[PDB]
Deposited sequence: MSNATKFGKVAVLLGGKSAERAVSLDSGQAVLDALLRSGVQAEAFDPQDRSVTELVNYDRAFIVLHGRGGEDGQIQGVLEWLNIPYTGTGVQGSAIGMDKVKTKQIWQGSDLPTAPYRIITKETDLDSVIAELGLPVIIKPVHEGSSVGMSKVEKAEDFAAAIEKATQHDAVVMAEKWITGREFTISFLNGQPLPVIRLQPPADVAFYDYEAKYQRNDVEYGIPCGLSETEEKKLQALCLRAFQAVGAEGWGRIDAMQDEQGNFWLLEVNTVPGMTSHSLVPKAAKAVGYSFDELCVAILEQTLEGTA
């Protein structure tokens, strides 16, 4: 049972219209090479150069557009209307995820910790000092946590780490994200966690954090790319 047949003609959506275009071209190229190596019939699709109307020629879509259009529900919209299954988070989770105030609102509304904030678009947030982390997701489940300013190990105890993972899984589900993505979190001076933001189509460049964390659990980049694409089976 081959990946040519099984996944059919897949479009790797890349580049796009946003300020993160260059990063997305990089993420796209990486993913495209990896899927081609895995024998999936992948092709590049840049919606800034090719009308989305031509998506109708493809059986599924690997979304690796960052920012406006990609991370915010728009392209997910068009794919729903063309009946083309696709990677990651649907319209709702995407549209929310790319709005901090809305992401915070729905987190507060789920009994989940996050800095207070006020109505100034950029907002005004309560300053907390501590160390930032990021919990990456694959198949709905969290992966090994990475410290931000190397990255792993993070500097949490094994139980302290699992606490941050379980908390972030709730914040991932709360906002209705699915498949894969990233949650950023804080740890204040007293050891308490605070949720910061969500990325519903993360970077897939060589320096990007999700492949790093997927590798920590034995996924090659090519394996990680197929795992993500498997979401598009029903």
Quickly check which stretches of the deposited sequence aren't in the model, judged by C-alpha, and list them in order.
-> 121 to 171, 201 to 220, 306 to 308
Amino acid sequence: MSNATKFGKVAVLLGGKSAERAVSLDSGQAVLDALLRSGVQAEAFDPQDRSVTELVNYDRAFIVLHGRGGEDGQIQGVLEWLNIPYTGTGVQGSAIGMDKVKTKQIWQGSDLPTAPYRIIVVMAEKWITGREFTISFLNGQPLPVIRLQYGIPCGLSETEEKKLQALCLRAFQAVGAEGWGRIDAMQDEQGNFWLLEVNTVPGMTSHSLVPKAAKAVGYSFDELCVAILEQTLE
From here on, numbers count along this sequence of modelled residues.
Return whichever of 152 to 160 and 75 to 83 has the greater mean Cα B factor according to the PDB record.
-> 152 to 160
Between 198 to 206 and 185 to 193, which has the larger average Cα B-factor in the PDB entry?
-> 185 to 193
Based on the PDB entry, the highest CA temperature factor among the options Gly39, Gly70, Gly179, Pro47 is that of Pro47
Quick one: which of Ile119, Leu138, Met98, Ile146 has the biggest Cα B-factor according to the entry?
-> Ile119
Modelled-residue ranking by C-alpha temperature factor, third containing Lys212 = lowest
Could you say whether, by C-alpha temperature factor, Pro113 belongs to the lowest, middle or highest third of its chain?
-> middle
Sort the modelled residues of this chain by their C-alpha B factor and say whether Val64 lands in the lowest, middle or highest third.
-> lowest
Of the three thirds of Cα B-factor ranks in this chain, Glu54 occupies the highest
Which third, lowest, middle or highest, does the CA B-factor of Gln165 fall in along this chain?
-> highest
